[PDB]
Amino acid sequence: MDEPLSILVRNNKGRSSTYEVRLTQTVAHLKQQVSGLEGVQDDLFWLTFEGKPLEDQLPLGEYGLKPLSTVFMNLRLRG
């Protein structure tokens, strides 16, 4: 069990991309993948699923992510 699944992450411009993940892995690992693929530093954005923001230290499973779920990549302001 705990097989790898593919999720979507939609960037601020509207393009979704697939990512192979395991619910056992942390939000921060997904954030590293998104940073690598989008070319945006992982400090510059935050992730949300179904409205709820994703905390880096928790495993993706904590959020009820299912196959082909879409996470939203929100560009963050440093005010």
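The first residue of the sequence shown is number 1, and the count goes up from there.
In this PDB entry, the Cα temperature factor of residue 54 sits in the bottom third of its chain's modelled residues, the lowest group. Among the modelled residues of the chain, residue 30 sits in the middle third by CA temperature factor in this PDB entry. Residue-level temperature factors show residue 37 in the highest third of its chain, judged at the C-alpha atom.
Compared with the other modelled residues of the chain, the Cα B-factor recorded for residue 24 ranks in the middle third.
Ranked against the other modelled residues of its chain, the C-alpha B-factor of residue 18 as given in the entry falls in the middle third.
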